[PDB]
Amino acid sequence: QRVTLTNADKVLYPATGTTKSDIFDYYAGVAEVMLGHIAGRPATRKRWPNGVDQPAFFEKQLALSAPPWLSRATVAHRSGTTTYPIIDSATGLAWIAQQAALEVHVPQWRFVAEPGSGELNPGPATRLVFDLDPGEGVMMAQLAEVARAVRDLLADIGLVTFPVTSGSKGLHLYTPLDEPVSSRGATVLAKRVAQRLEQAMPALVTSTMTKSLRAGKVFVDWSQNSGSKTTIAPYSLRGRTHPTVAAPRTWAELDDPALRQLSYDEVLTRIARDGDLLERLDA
């Protein structure tokens, strides 16, 4: 289990001078809190080899050159088969940094080992996710109000919801599923939540993607519960002008109208103070 960090001094975020080495330091720093929420999941790497002012790609297939110690599993998609890495150790996060994989994206299900053969196949959804996107003119205050409304509807079912500022423009919400549920079943439940909210507050919420009608509304994207979709991992850096993070928040923080995205240094400071706000999500 060995990684050599090359171009450690290469700036990946020109705006802030943040380097590959800084990204390595960050991922080392968040390893203990981040690994639980990506354990057992295929990791998709969004890479910016020349930094955030240069092109990115969304890399799913594991390269032939990938180190032999990386855990991996295969997924049959509608075209064929893809081998993914599974990130489950500090060394794995060191590899992520070396790859300039600023963002780590995962589905809401984990691999499960076969009864007799120990072969890894996709298992049930372990959590629901909601991806909340602000339409034009929509401020953080409205995103937070809609997030509370999602939380309340799920609370009517005895489900708990954890808020995450995405690091980009919106909010992500996670709710742990106590009993096993298929990704199909998860997508149905999430869609019904979204639709219920849109019916209750059609001027403030939409459950459909079409952008012509998104202005003034929060689009509550329920579709990333699909087995074939991903959502950025909690604690992931973002490939944006600033090295912001998909940062777990408290509901009390969401009562602040000045609510904003957090930078990676802030997230480290918060972990030092409070540990993992998502500790109960994948326990």
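One-based numbering along the sequence shown.
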Of 135 to 143 vs 186 to 194, the stretch with the larger average CA B-factor in the entry is 186 to 194
Higher-scoring stretch by recorded Cα B factor average, 153 to 161 or 71 to 79: 71 to 79
From the list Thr206, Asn121, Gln99, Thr91, select the residue with the highest C-alpha B factor recorded in the entry. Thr206
Residue selected from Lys169, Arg148, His105, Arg110 by maximal Cα B factor: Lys169
Within this chain, which third does the Cα B-factor at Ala258 fall in: lowest, middle or highest? highest
Can you work out whether the C-alpha temperature factor of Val129 puts it in the lowest, middle or highest third of the chain? lowest
By the record's CA B-factor, is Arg45 among the lowest, middle or highest third of residues in the chain? lowest
Lowest, middle or highest third: where is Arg214 by Cα B-factor in its chain? highest
If you rank the chain by CA B-factor, which third does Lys20 end up in: lowest, middle or highest? lowest
